[PDB]
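Student: The structure follows.
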2 protein chains.
Amino acid sequence: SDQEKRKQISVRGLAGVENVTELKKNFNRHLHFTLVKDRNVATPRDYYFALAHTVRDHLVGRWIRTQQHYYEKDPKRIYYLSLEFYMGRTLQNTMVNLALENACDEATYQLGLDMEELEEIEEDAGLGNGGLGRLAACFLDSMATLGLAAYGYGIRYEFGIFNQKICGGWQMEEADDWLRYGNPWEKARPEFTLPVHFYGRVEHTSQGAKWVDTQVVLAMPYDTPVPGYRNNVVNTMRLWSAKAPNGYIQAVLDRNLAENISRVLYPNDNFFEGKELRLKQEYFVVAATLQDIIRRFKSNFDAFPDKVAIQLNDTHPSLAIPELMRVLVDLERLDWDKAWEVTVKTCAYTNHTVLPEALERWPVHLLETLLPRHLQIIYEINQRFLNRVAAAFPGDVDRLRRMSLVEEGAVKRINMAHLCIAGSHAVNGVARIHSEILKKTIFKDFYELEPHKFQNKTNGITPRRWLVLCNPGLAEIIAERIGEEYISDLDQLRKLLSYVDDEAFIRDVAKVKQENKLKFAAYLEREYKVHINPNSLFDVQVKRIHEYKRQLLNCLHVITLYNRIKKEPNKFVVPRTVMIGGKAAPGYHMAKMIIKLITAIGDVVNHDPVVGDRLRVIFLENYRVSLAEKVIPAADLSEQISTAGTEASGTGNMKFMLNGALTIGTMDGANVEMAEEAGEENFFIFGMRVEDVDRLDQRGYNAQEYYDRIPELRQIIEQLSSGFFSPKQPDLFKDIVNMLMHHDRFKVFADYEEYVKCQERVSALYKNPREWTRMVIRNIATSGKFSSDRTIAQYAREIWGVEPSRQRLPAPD
Amino acid sequence: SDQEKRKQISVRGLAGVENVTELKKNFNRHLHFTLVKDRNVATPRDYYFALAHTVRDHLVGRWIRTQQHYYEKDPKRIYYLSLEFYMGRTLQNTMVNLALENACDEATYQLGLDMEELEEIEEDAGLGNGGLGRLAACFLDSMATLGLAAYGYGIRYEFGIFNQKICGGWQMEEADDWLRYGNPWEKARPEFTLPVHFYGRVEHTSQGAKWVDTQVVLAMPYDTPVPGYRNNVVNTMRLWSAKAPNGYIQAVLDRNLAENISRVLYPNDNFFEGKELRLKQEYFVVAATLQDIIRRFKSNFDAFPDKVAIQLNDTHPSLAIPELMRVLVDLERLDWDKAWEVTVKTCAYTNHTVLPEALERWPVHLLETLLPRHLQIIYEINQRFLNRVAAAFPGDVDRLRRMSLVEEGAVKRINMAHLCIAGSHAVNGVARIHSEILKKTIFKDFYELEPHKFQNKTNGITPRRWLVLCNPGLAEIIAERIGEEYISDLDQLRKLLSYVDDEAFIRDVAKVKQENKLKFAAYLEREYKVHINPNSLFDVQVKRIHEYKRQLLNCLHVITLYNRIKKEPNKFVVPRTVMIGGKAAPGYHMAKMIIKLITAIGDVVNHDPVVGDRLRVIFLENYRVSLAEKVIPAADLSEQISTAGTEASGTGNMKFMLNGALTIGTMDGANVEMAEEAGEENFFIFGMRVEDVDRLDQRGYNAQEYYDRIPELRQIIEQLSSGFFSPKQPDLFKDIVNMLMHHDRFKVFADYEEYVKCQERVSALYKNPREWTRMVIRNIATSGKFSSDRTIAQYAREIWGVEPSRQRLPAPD
Ligand SMILES: *Cc1c(COP(=O)(O)O)cnc(C)c1O
Ligand SMILES: *Cc1c(COP(=O)(O)O)cnc(C)c1O
Ligand SMILES: OC[C@H]1O[C@H](O)[C@H](O)[C@@H](O)[C@@H]1O
Ligand SMILES: OC[C@H]1O[C@H](O)[C@H](O)[C@@H](O)[C@@H]1O
């Protein structure tokens, strides 16, 4: 008896076989017992929640079984540490990966509800800035689909990336209260809360170093399930929330100081701000995470790297290296060398940018008072690492200065990237050209010392959210010719090359794109009361606003199109709707000026009667993952025009390719590989190559030369300076003009002519619908390489030492 | 079709008929799908939660049906506004009121679990200080049991009353993180969030006054169900939580300033601290609550008082009077007189104390900057009210000064009590002697102007939590002679007088008390490693520490008992375990010194070998509702010794009476009525009566007179002064001695002799178990009047204008 009785406590049978009668029963149960509502007062939001809780049950049954499986099998575990996870919406993705969509649609329909209406109630979970955070999300999806025992570890920010409002043509920021109505997917785990220490000092007793007199902040984990595609594997994303440890009133009010650590996501994309609060955030996630990892490993350390892999997403969680050493040496009392060998074999670092202003260099004064023991450990790591450099390159003192983890100057700093290379067994770039640039520029010295460490892992996007979910029309016409295997084996899209001359397929691809454009236009009119002509080429550039991404170059082209129509009003031109969207970091003055310029150009272009519906410029407000899922499937032309050598990889580019848009871009990041897969003849590559940018830097970039030699460019700069785009405040864009003319690090003028000419060729091909569509088919069919399943498979085999698998686990019952 | 399909969405059938097989099924469901756990990792806490969620389902089904019933019947609604609701534990109370206890016990037993272990996992919801907050909780229970459409309205504090730790014999405060693990009973209602305004200014436009330029704080409601006893009626307690309205980082961090309004309960019991944060809390609950009330009434105002009753628990929510006037006049644009007539007919005020330092008088400077429009309205109310006084008492200018809502001085203040009397149709005291003291002392002037307003509503406690729940042994031996009708008709206990000479009943009452003492001793040893001799008289004084409650008088008696044993070591004395417990407000120096004195006396008494087990003094740490439910059923003697005229009513006194303890106390508060019900011959009344205290005040209280005339008292004061109870710090209690000797507002010395003598008589009767028990039966049998069902029935018929009912609603299915 006794404990044997508890055997009845099983997940044995759950909310159903996955069909209509039971879905309806559970939906009714949740509407009343979970939400405490009834049909008389229920709102569409209430019904959305009832459907979400219903679907969550099926997810939870699999989640429990997956974790029970991992405990029994005891596979090597992969921990993906990131300060960002841009997850987006969850309801549809869950229904799709669990094959519940059809039944839920019928169940809601029979109850007198419309599921598509419900689905649109859900808003993004935006705990990320853009590319890096969304890559982490795509990776989570892929690791689950590939059966890896992976855990995503980050911070549960109370407020994710701000909501962007456009007022008077300018960006205004609004806090993203994403949890107001709650989050039905996450599960609070207060019982697993852990302490994280700050400040204090180090004392050296007889048996080692001791970090004492610290202030404590508790880390409370919240777990979110992440489902693999139809394999019944559900992995976990664990995010930490800061809590205060446990006169009088003020002491209780002051608990907010500790809880501020997880209050808001720093809104910087590709830019380092050395704020102490940000440093606390980084150590917070690292300390709680590693405790969790070691605890889980325990329920000696020679086998740790055989059971644990820690992947560092950028240098954000780099403190994991000195923290793991601290724990092993100070707490587990292992000798230094043994601990270091363990640390290096466990950690791997992924770099995401080559721009100096984006890399982390923390002032040592900040590190000595907030984390004294870590700074001590960092200096010791440096000394031993430099000893190795000196032995490998005797007498090369300059190299010692260059490779040091410590940067000298008035403000002493720790170069976190060097710390990561020294403490990781693998370091990777995110696109072939980027990983190569790494090996011969910023990390050349390190590659020369340890060549074996340097790898490449070209980025990817998940075909579930970025094709099956966001573009059902495209997914179905594709499935009708090659089946559904491609969904978890994207290289099968290659089979579509056999239909490049098939009249029905050409017909279908174009009909789908058009249906998408029609629907997107309906979306814009509905929620923003913005009209766009669907029988125009949808020219889209959506990504964070940056000088390096060159939205300004796009701007020059749009003004070029406008001026050309005014010059010859009665000459035909392929009608276009140029859409530019993206958020600017709150303190990035130029990026905000750029947003104002885009809206100001629209104010002129969209209201000039001679232009009419031949050209329209729209700034897409609040670009985020849910908007990307909408606009990308409706795009004809994808703008990927960063200065060659600046965009490490890009991923938006891959989304557009997979969804039927042709690409105009530079030979930068992954564009290079996309062009290689599709064939340059099916791409619109233009401008300076990395070699060309470098030669210009060698001789000196003089924008005045281009200005003096290109009349059409001069006309535009004169209009800007003139106040033609800001009549009421003539000098409004003076900062943009001066930067372009005298301080342009990204050489906009140098690529202007080739850009305008390439755009002419784009228009030329669009004039011929049949050939445009045929080229589109050639892009879609060769986008297979950019599935994040491919990327993750490589990380697993070449870095983590684990074998990917499409073995499915049995359904719960 | 269409909307007709939604008819399937019904509470129709729920988690079961209320029996074992289905309880087990749902418990299993919640353990896995709600908690995301399994039997391998589940902890007792996890299982407690699974049982709580299981029981919650049954509660929710009734909650939905009750609210649907109220909408259809449209009864007059009662709103009980309080800044405190001391709810305590919910699981058992819920099982008892829904008659689910037996089945849940069997269901858990069959699953290999022990329900009593699970139940003890739950901790109190302590959003109250003591008597006033617990009265509100007892009232909620009774209103639901009496079928009234009642709603309790308050604030959802993040931290309730602090947890008291005793360190080195002193009280230390620890924040009560009551929500750490969550609260399964409440339901967040973000969709019903409302705005509350602060600061700003008033401008007088052409059509009225306008409150502009305010700062907004949002009020988000959380609803908790409160079940009536077996009538399937489930009412609501709605508590508001503060949220901020919707460079950049600091602006987001600063949202905490607004959310601080609902962060912590001010820990003052019977004492006014005019802190601005407290004023914000009061207006916060009032503004959100009244909006809610008017909204609910709308889905003209002449009928408002026929549909609405607003009861003000103390002056805490007094701003409801000027706020309702503001809304009616400024927003609904009604004329002043009509609005005032509506306001007075809607509001009623309950006073809870006569001590001057406990009453609210807000500085007008504070009110003019935080709530300018309310201060304007308050001055207008005052002017019109004083005009009425002047007409009723021509030429009595002193009366005008005395009754004014405005108190003059260096610091101008608004007397909130006067505001309440002026704006309410009923004003009540909480015990006969208190309501009479009100009529002839602090509110004499108002009673003379409007005698019809003044009422009495003697307090009560609910027999569900305070008998059936906390003392199952007593409840069953009672049920075996008179059935269970008494549970919701306590006057039936009167039937037990027929068993005062019944040998089996006498036997049973004493066996139950003894079982209770044995179990309480087991509890103390288990969790505090404190031994107490169960074959000793349990002398208990549990309530907040206060000079007016005279724990110090108790202290004098204990030292008297100790000195007497030392004087005649070999003389027999009835063995006693004197227990004193209760929290002191954090800033109340004397109360904290008193706690230290209690522990210091114990340090001497409990370790003196001559005394041994004949006398033991214990300070019960962290007295709270859950401890009261434990210690009260084990008490033999109830200490209710406040100076006559200071304790408005008391309720702990009623708890002890209902649970089998005899009472030693003054003729104060409800003690008077308890003595009247049981007969003074069955009580231990002693000391000065109100008349005696007053005569002493007239001539001047000189404590030295008593000191000079009572040798045993002098001995004690000498020991205190001496350092006999603090050898290492001889003058530690100098402040207590000086206050007693020279500044004792509560005349401890004046009641010492009669107190000691009365205690001798208590011991005399305890020596005779049969007669002690017979007197106990006479107390229990006459405690019926103190059921809060009686109290609420009176509020309903004499103030609210609604008829109580024991009609049961059908079970959900
Ligand atoms: C894919 C994605 C990105 C990354 O876009 P890039 O053009 O590679 O910088 C940024 N934001 C969102 C919302 C995304 O979906
Ligand atoms: C009943 C109760 C009170 C009120 O006690 P009095 O002696 O009337 O002041 C205070 N605290 C708790 C925890 C209670 O249960
Ligand atoms: O690696 C994921 C992404 O990280 C950063 O956002 C880089 O700017 C981008 O090029 C890269 O694609
Ligand atoms: O009215 C409920 C209670 O309120 C206050 O705590 C009074 O001190 C007390 O005497 C009264 O019983």
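Labeling convention for the structure tokens: chains A, B, ... as they appear, residues from 1 per chain, ligands from 1 in order of appearance.
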Could you please select, counting only C-alpha atoms, the residues of chain A within 6 Å of chain B and state them as a list in words?
Tutor: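 The contacting residues on chain A are residues 2, 3, 5, 6, 9, 28, 33, 57, 111, 112, 181 and 190 of chain A.
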Student: Restricting it to N, CA and C atoms, dump the selection as an mmCIF file, in the first residue's frame.
Tutor:
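The result, stored in part-v5.cif:
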```cif
data_model
loop_
_atom_site.group_PDB
_atom_site.id
_atom_site.type_symbol
_atom_site.label_atom_id
_atom_site.label_comp_id
_atom_site.auth_asym_id
_atom_site.auth_seq_id
_atom_site.Cartn_x
_atom_site.Cartn_y
_atom_site.Cartn_z
ATOM 1 N N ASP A 2 0.478 2.221 0.794
ATOM 2 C CA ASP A 2 1.148 3.508 0.932
ATOM 3 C C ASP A 2 1.675 4.142 -0.328
ATOM 4 N N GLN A 3 2.994 4.259 -0.425
ATOM 5 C CA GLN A 3 3.585 4.898 -1.579
ATOM 6 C C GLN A 3 3.133 4.273 -2.890
ATOM 7 N N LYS A 5 0.282 3.554 -3.665
ATOM 8 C CA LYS A 5 -0.960 4.203 -4.029
ATOM 9 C C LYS A 5 -0.700 5.403 -4.934
ATOM 10 N N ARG A 6 0.449 6.054 -4.764
ATOM 11 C CA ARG A 6 0.756 7.231 -5.558
ATOM 12 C C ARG A 6 0.973 6.903 -7.042
ATOM 13 N N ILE A 9 -1.059 8.516 -9.548
ATOM 14 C CA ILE A 9 -0.708 9.865 -9.951
ATOM 15 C C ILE A 9 0.192 9.726 -11.179
ATOM 16 N N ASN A 28 -14.503 24.610 -22.693
ATOM 17 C CA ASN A 28 -15.593 25.021 -21.800
ATOM 18 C C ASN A 28 -15.073 24.994 -20.353
ATOM 19 N N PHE A 33 -13.797 27.467 -15.184
ATOM 20 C CA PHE A 33 -12.962 27.180 -14.026
ATOM 21 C C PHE A 33 -11.585 27.821 -13.985
ATOM 22 N N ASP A 57 -2.561 22.377 -22.338
ATOM 23 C CA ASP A 57 -2.671 21.070 -21.695
ATOM 24 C C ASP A 57 -1.931 20.012 -22.504
ATOM 25 N N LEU A 111 -18.458 25.896 -31.505
ATOM 26 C CA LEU A 111 -18.840 26.612 -30.289
ATOM 27 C C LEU A 111 -19.318 28.023 -30.619
ATOM 28 N N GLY A 112 -19.292 28.368 -31.904
ATOM 29 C CA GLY A 112 -19.743 29.678 -32.331
ATOM 30 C C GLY A 112 -18.652 30.727 -32.266
ATOM 31 N N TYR A 181 -2.030 41.173 -19.094
ATOM 32 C CA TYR A 181 -3.076 40.157 -19.057
ATOM 33 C C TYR A 181 -2.570 38.793 -18.618
ATOM 34 N N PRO A 190 8.836 29.166 -8.039
ATOM 35 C CA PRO A 190 9.394 29.756 -6.822
ATOM 36 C C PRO A 190 10.204 28.779 -5.976
#
```
Student: Please give me, as a PDB file with C-alpha atoms, in the first residue's frame, the residues lying within 10 Å of ligand 3 when counting only C-alpha atoms and all ligand atoms.
Tutor:
```pdb
ATOM      1  CA  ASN A 129      16.031  43.706 -29.798  1.00  0.00           C
ATOM      2  CA  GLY A 130      16.105  42.107 -33.237  1.00  0.00           C
ATOM      3  CA  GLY A 131      18.399  39.696 -35.024  1.00  0.00           C
ATOM      4  CA  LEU A 132      20.312  38.200 -32.093  1.00  0.00           C
ATOM      5  CA  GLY A 133      17.247  37.655 -29.915  1.00  0.00           C
ATOM      6  CA  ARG A 134      15.212  36.182 -32.762  1.00  0.00           C
ATOM      7  CA  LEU A 135      18.111  33.899 -33.729  1.00  0.00           C
ATOM      8  CA  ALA A 136      18.006  32.488 -30.188  1.00  0.00           C
ATOM      9  CA  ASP A 269      20.931  46.796 -30.991  1.00  0.00           C
ATOM     10  CA  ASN A 270      24.570  46.425 -32.034  1.00  0.00           C
ATOM     11  CA  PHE A 271      25.827  49.023 -29.517  1.00  0.00           C
ATOM     12  CA  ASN A 313      25.318  34.088 -27.308  1.00  0.00           C
ATOM     13  CA  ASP A 314      27.656  37.042 -27.840  1.00  0.00           C
ATOM     14  CA  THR A 350      29.450  32.982 -30.847  1.00  0.00           C
ATOM     15  CA  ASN A 351      30.387  36.451 -32.136  1.00  0.00           C
ATOM     16  CA  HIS A 352      27.719  38.590 -33.918  1.00  0.00           C
ATOM     17  CA  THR A 353      29.420  41.775 -35.039  1.00  0.00           C
ATOM     18  CA  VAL A 354      32.639  43.343 -36.164  1.00  0.00           C
ATOM     19  CA  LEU A 355      31.787  46.968 -35.272  1.00  0.00           C
ATOM     20  CA  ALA A 358      29.144  47.083 -30.347  1.00  0.00           C
ATOM     21  CA  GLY A 429      31.163  33.687 -36.663  1.00  0.00           C
ATOM     22  CA  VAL A 430      27.619  33.626 -38.040  1.00  0.00           C
ATOM     23  CA  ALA A 431      28.182  33.733 -41.832  1.00  0.00           C
ATOM     24  CA  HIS A 434      31.987  37.142 -41.236  1.00  0.00           C
ATOM     25  CA  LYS A 457      28.097  28.499 -38.326  1.00  0.00           C
ATOM     26  CA  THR A 458      25.998  30.327 -40.909  1.00  0.00           C
ATOM     27  CA  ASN A 459      22.737  31.582 -39.393  1.00  0.00           C
ATOM     28  CA  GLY A 460      19.312  30.214 -40.274  1.00  0.00           C
ATOM     29  CA  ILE A 461      15.615  30.745 -39.534  1.00  0.00           C
ATOM     30  CA  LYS A 543      15.193  45.898 -39.569  1.00  0.00           C
ATOM     31  CA  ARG A 544      16.450  48.105 -36.710  1.00  0.00           C
ATOM     32  CA  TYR A 548      25.441  50.680 -41.060  1.00  0.00           C
ATOM     33  CA  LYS A 549      22.229  49.148 -42.460  1.00  0.00           C
ATOM     34  CA  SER A 642      24.417  47.318 -45.441  1.00  0.00           C
ATOM     35  CA  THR A 646      29.297  45.403 -41.586  1.00  0.00           C
ATOM     36  CA  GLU A 647      26.308  43.021 -41.333  1.00  0.00           C
ATOM     37  CA  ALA A 648      27.721  39.834 -39.760  1.00  0.00           C
ATOM     38  CA  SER A 649      24.970  37.730 -41.302  1.00  0.00           C
ATOM     39  CA  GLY A 650      21.436  39.074 -41.213  1.00  0.00           C
ATOM     40  CA  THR A 651      18.389  36.774 -40.968  1.00  0.00           C
ATOM     41  CA  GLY A 652      15.619  38.969 -42.275  1.00  0.00           C
ATOM     42  CA  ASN A 653      17.257  38.386 -45.634  1.00  0.00           C
ATOM     43  CA  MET A 654      16.613  34.639 -45.295  1.00  0.00           C
ATOM     44  CA  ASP A 668      27.695  41.284 -47.129  1.00  0.00           C
ATOM     45  CA  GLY A 669      26.943  38.698 -44.423  1.00  0.00           C
ATOM     46  CA  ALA A 670      24.733  35.816 -45.532  1.00  0.00           C
TER      47      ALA A 670
END
```
Student: Find the spatial neighbours of residue B:240, counting only C-alpha atoms, within a cut-off of 7 Å - ignore same-chain residues fewer than 5 positions away - and output them as a ChimeraX atom specification.
Tutor: /B:154-156,219-222,285
Student: Determine, counting only C-alpha atoms, which protein, DNA and RNA residues have an atom within 7 Å of an atom of stretch 377-384 of chain A; residues of the same chain fewer than 3 positions away are not included. Present the result as a compact mmCIF listing (two decimals) with N, CA, C and O atoms, in the first residue's frame.
Tutor:
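Output file result_15.txt follows:
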```txt
# COMPACT_ATOMS: atom_id res chain seq x y z
N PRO A 322 34.55 33.12 -15.85
CA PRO A 322 35.12 33.31 -14.52
C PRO A 322 34.22 32.78 -13.40
O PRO A 322 34.72 32.38 -12.35
N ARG A 373 35.80 39.18 -6.79
CA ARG A 373 36.42 37.88 -7.00
C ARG A 373 36.56 37.53 -8.47
O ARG A 373 37.52 36.87 -8.86
N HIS A 374 35.60 37.96 -9.29
CA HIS A 374 35.66 37.69 -10.71
C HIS A 374 36.78 38.47 -11.37
O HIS A 374 37.43 37.96 -12.28
N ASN A 387 51.03 34.14 -20.77
CA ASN A 387 52.24 33.33 -20.62
C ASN A 387 52.31 32.38 -21.82
O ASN A 387 53.38 32.13 -22.37
N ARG A 388 51.15 31.86 -22.22
CA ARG A 388 51.07 30.97 -23.37
C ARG A 388 51.40 31.71 -24.68
O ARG A 388 52.08 31.17 -25.54
N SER A 404 45.90 40.87 -24.76
CA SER A 404 45.54 40.96 -23.35
C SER A 404 44.05 41.14 -23.11
O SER A 404 43.37 41.84 -23.87
N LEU A 405 43.55 40.51 -22.06
CA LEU A 405 42.15 40.62 -21.70
C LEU A 405 41.94 42.01 -21.10
O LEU A 405 40.81 42.51 -21.00
```
Student: Run DSSP on the backbone and grab whatever in stretch 347-554 of chain A lands in strand (DSSP E or B); send it over as number ranges by chain.
Tutor: A: 347-350, 361-363, 406-407, 413-415, 426-429, 454-456, 461, 537-542
Student: How about saving the chosen residues, C-alpha atoms kept, as a JSON list (two decimals), in the first residue's frame?
Tutor:
```
[["chain", "number", "residue", "atom", "x", "y", "z"],
["A", 347, "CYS", "CA", 32.17, 26.76, -23.09],
["A", 348, "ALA", "CA", 31.87, 28.00, -26.67],
["A", 349, "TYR", "CA", 31.46, 31.59, -27.91],
["A", 350, "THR", "CA", 29.45, 32.98, -30.85],
["A", 361, "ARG", "CA", 34.74, 46.41, -22.63],
["A", 362, "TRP", "CA", 33.84, 46.82, -18.96],
["A", 363, "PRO", "CA", 35.78, 49.36, -16.87],
["A", 406, "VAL", "CA", 43.04, 43.97, -20.12],
["A", 407, "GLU", "CA", 42.98, 47.17, -22.17],
["A", 413, "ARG", "CA", 38.83, 47.87, -19.22],
["A", 414, "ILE", "CA", 38.32, 44.14, -19.65],
["A", 415, "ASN", "CA", 37.76, 43.07, -23.24],
["A", 426, "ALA", "CA", 35.19, 26.99, -29.94],
["A", 427, "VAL", "CA", 34.56, 30.49, -31.27],
["A", 428, "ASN", "CA", 32.28, 31.00, -34.26],
["A", 429, "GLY", "CA", 31.16, 33.69, -36.66],
["A", 454, "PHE", "CA", 37.79, 29.15, -35.01],
["A", 455, "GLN", "CA", 34.63, 27.98, -36.78],
["A", 456, "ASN", "CA", 31.75, 29.25, -38.86],
["A", 461, "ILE", "CA", 15.62, 30.75, -39.53],
["A", 537, "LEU", "CA", 5.89, 46.30, -56.34],
["A", 538, "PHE", "CA", 6.24, 45.96, -52.56],
["A", 539, "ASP", "CA", 9.73, 47.25, -51.83],
["A", 540, "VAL", "CA", 10.54, 46.43, -48.18],
["A", 541, "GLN", "CA", 13.36, 47.26, -45.79],
["A", 542, "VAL", "CA", 12.49, 46.16, -42.25]]
```
Student: If you count only C-alpha atoms, which residues fall within 12 Å of residue A:707, apart from same-chain ones fewer than 3 positions away, as number ranges by chain?
Tutor: A: 702-704, 710-718, 737, 740-742, 748-750, 752-753
Student: Give the helix (DSSP H, G or I) residues of stretch 619-784 of chain B, as assigned by DSSP on the backbone, as a PyMOL selection string.
Tutor: chain B and resi 625-634+652-658+671-678+680-682+690-699+703-709+711-722+734-742+748-766+769-780+784
Student: Would you pick out the contacts of residue A:479 at 12 Å or less, using only C-alpha atoms, so that residues sharing its chain but fewer than 6 positions from it are not included, and give the list as a PyMOL selection string?
Tutor: chain A and resi 467-468+472-473+485-487+492-493+495-496+505
Student: When distances are computed from only C-alpha atoms, which of A:629, A:450, A:72, A:735 shows the smallest separation from residue A:520?
Tutor: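 So, comparing all the options, the nearest one is A:629.
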Student: Report the distance between atom CA of residue A:626 and atom CA of residue A:584 in Å, rounded to one decimal place.
Tutor: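 That distance, rounded to one decimal, is 17.9 Å.
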Student: Just want the 9 Å neighbourhood of residue A:119, counted on only C-alpha atoms, with same-chain residues fewer than 6 positions away dropped. Output as a ChimeraX atom specification.
Tutor: /A:48,89,91-92
Student: Between A:474, A:732, A:625, A:239, which has the minimum distance to ligand 1 (counting only C-alpha atoms and all ligand atoms)?
Tutor: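 Closest candidate: A:625.
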Student: Compare A:551, A:54, A:291, A:698 by their minimum atom-to-atom distance to residue A:185, counting only C-alpha atoms, and give me the closest one.
Tutor: A:54
